[PDB]
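From first to last, the protein sequence lines stand for chains A and B. Following PDB author numbering, the numbering of the first sequence begins with 1 at its first residue and continues without gaps. Following PDB author numbering, the numbering of the second sequence begins with 3 at its first residue and continues without gaps. What follows is a single structure, written as structure tokens, with notes after it.
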Amino acid sequence: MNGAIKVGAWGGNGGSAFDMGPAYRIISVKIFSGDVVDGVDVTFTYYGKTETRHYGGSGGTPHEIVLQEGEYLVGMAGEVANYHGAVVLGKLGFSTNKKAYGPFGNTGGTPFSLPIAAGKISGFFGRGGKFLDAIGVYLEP
Amino acid sequence: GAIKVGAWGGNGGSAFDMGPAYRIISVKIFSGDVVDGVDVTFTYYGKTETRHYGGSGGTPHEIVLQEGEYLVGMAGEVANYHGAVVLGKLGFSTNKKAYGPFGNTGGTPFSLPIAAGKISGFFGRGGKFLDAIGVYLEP
Ligand SMILES: OC[C@H]1O[C@@H](O[C@@H]2[C@@H](O)[C@H](O)O[C@H](CO)[C@H]2O)[C@H](O)[C@@H](O)[C@@H]1O
Ligand SMILES: OC[C@H]1O[C@@H](O[C@@H]2[C@@H](O)[C@H](O)O[C@H](CO)[C@H]2O)[C@H](O)[C@@H](O)[C@@H]1O
Ligand SMILES: OC[C@H]1O[C@@H](O[C@@H]2[C@@H](O)[C@H](O)O[C@H](CO)[C@H]2O)[C@H](O)[C@@H](O)[C@@H]1O
Ligand SMILES: OC[C@H]1O[C@@H](O[C@@H]2[C@@H](O)[C@H](O)O[C@H](CO)[C@H]2O)[C@H](O)[C@@H](O)[C@@H]1O
């Protein structure tokens with residue numbers, strides 16, 4: 001969009017597109033996983049107000065990443081697997097400039113990794129359905 | 003304020019940093035069993051330069067960016083070639099067409115599709131072969 005850097009769209013073509021848009025500050029990310037990744041719940045602040053978005057499906061169990069002050073999402077990885085005739089993320093994980101999280105999910109598949117040597121993730125986008133078909137990120141310094 | 007993503011590959015070789023370019027002009031990928039090295043020709047503040055990363059083997063595969071065409075994707079596979087963790091397959095995609103991957107040695111795959119932005123530089127490690135590679139991204 002306006003100087004945005006949207007890298008990704010890892011996963012399958014099913015589901016329906018979702019776009020969080022870049023955030024001003026990602027407060028917390030919650031990954032709901034089961035055999036695969038069900039959805040991602042994101043709480044962030046945009047133009048002053050605190051917002052929460054619900055992506056992917058409603059199933060799965062929550063694993064939350066809370067960004068302490070000065071901590072950012074500097075990496076993302078996982079596996080795009082086939083789950084009952086549907087290409088979705090079977091494993092997903094993130095890394096912060098402080099600790100590493102996950103991966104969350106138990107279905108193996110073709111891997112992908114996005115180690116950020118310089119920059120951070122600032123937002124999310126992708127395709128959702130009964131599960132998390134695909135996920136991508138917004139990058140910024 | 004540079005967005006450097008990745009660096010897929012091993013830890014062998016020596017680090018190289020092409021830095022960001024005003025405009026890439028072309029990229030040559032020398033490959034054999036793996037990825038021997040990459041060649042990058044680009045403009046940089048009025049000047050036109052050429053950088054080469056990796057060994058001196060392999061056969062060249064050239065991608066010549068056309069008028070208003072950029073690199074919007076990179077993918078390949080890091081591998082363990084007779085002991086050294088190097089890239090075994092490598093390819094790029096332009097907003098007009100996809101290339102390769104070039105190389106015949108598999109390993110753990112990786113891909114970097116770019117929905118918004120482009121590649122404007124490279125960095126990583128190299129030696130007799132292209133040990134690892136990363137890119138600079140821009141709006
Ligand atoms: O569907 C609602 C229930 O979903 C449960 O998670 C599921 C896992 O048990 C199963 O293995 O995988 C699927 C998809 O990955 C998950 O939906 C939750 O544990 C329940 O709390 C929830 O009610
Ligand atoms: O697979 C192609 C079709 O996928 C459909 O989405 C699926 C959902 O119905 C289902 O609940 O979840 C899976 C993954 O979570 C989705 O693939 C789309 O609705 C169709 O338009 C599409 O053709
Ligand atoms: O493997 C550890 C050492 O790797 C060296 O680089 C390798 C080159 O010597 C060799 O010719 O090629 C491979 C792949 O192209 C390189 O990994 C480093 O120069 C050493 O510093 C390092 O200890
Ligand atoms: O080293 C000089 C020669 O290198 C050749 O490429 C090599 C391949 O033949 C071999 O199979 O794999 C290695 C590693 O990828 C390559 O270096 C070129 O094809 C020759 O033209 C060149 O003389």
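For each residue, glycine too, the CB sits at the ideal point set by N, CA and C.
Selected residue, minimal CA-CA separation from residue i, among the options
| i | options | result |
| --- | --- | --- |
| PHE32(B) | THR45(B), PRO103(B) and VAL87(B) | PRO103(B) |
| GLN68(A) | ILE135(A), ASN106(A) and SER28(A) | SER28(A) |
| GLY12(B) | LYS99(B), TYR72(B), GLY126(B) and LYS30(B) | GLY126(B) |
| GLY70(B) | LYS49(B), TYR47(B), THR96(B) and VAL87(B) | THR96(B) |
| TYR46(A) | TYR24(A), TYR55(A) and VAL66(A) | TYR24(A) |
| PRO115(A) | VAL137(B), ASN106(B) and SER122(B) | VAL137(B) |
| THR107(A) | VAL36(A), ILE65(A), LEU73(A) and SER113(A) | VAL36(A) |
Contact check, residue i vs residue j, beta carbons under 8 Å
| i | j | result |
| --- | --- | --- |
| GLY78(B) | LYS91(B) | yes |
| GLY57(A) | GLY128(A) | yes |
| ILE5(A) | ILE26(B) | no |
| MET1(A) | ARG53(A) | no |
| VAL42(A) | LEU139(A) | no |
| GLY123(A) | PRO141(B) | no |
| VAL87(A) | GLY14(A) | yes |
| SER113(A) | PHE112(B) | yes |
C-alpha gap between residue i and residue j, whole angstroms
| i | j | result |
| --- | --- | --- |
| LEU132(B) | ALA81(B) | 11 Å |
| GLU51(B) | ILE135(B) | 19 Å |
| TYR101(B) | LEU89(B) | 16 Å |
| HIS84(B) | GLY85(A) | 38 Å |
| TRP10(A) | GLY39(A) | 14 Å |
| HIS63(A) | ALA118(A) | 26 Å |
| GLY59(A) | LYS130(A) | 8 Å |
| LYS30(A) | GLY93(A) | 11 Å |
| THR110(A) | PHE44(B) | 33 Å |
| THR61(B) | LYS49(B) | 28 Å |
| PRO22(B) | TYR72(B) | 14 Å |
| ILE121(A) | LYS99(A) | 15 Å |
| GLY105(B) | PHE18(B) | 21 Å |
| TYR55(A) | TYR55(B) | 41 Å |
Ligand 5 heavy atom lying under 7 Å from the CB of residue i
| i | result |
| --- | --- |
| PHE125(B) | Absence of ligand 5 is noted for the structure shown, with ligand 1, ligand 2, ligand 3 and ligand 4 being the only ligands found. |
query = Which runs of the beta strand (DSSP E), 3 residues or longer, sit entirely within the region 32-62 of chain B?
reply = Counting whole runs of 3 or more residues, the region 32-62 of chain B contains the beta strand (DSSP E) stretches 37-46 and 49-56.
key: Interface positions of the region 91-120 of chain B facing chain A (Cβ-Cβ less than 8 Å), listed along the chain   = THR110, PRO111, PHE112, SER113, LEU114, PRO115, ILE116, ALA117, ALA118 and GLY119
key: Where the region 11-28 of chain B meets chain A: residues whose CB sits under 8 Å from a CB there   = The region 11-28 of chain B vs chain A, Cβ under 8 Å: nothing.
request  = Entirely within the region 96-121 of chain B and at least 3 residues each: give me those beta strand (DSSP E) ranges in chain order.
outcome  = Taking 3 residues as the shortest admissible run, the region 96-121 of chain B contains the following complete beta strand (DSSP E) segments, listed from N- to C-terminal end: 110-118.
message = By the 7 Å beta-carbon criterion, what residues does the region 66-91 of chain B contribute toward chain A?
response = Across the region 66-91 of chain B, no CB contact with chain A closer than 7 Å is found for any residue.
inquiry  = If the cut-off is 9 Å on Cβ atoms, which residues from the region 28-51 of chain B count as contacting chain A, listed in chain order?
reply    = none
inquiry  = Counting only Cβ-Cβ distances shorter than 9 Å, please list the residues of the region 124-138 of chain B near chain A, keeping chain order.
reply    = For the region 124-138 of chain B, the set of residues with a beta-carbon nearer than 9 Å to any beta-carbon of chain A comprises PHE125, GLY136 and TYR138, in chain order.
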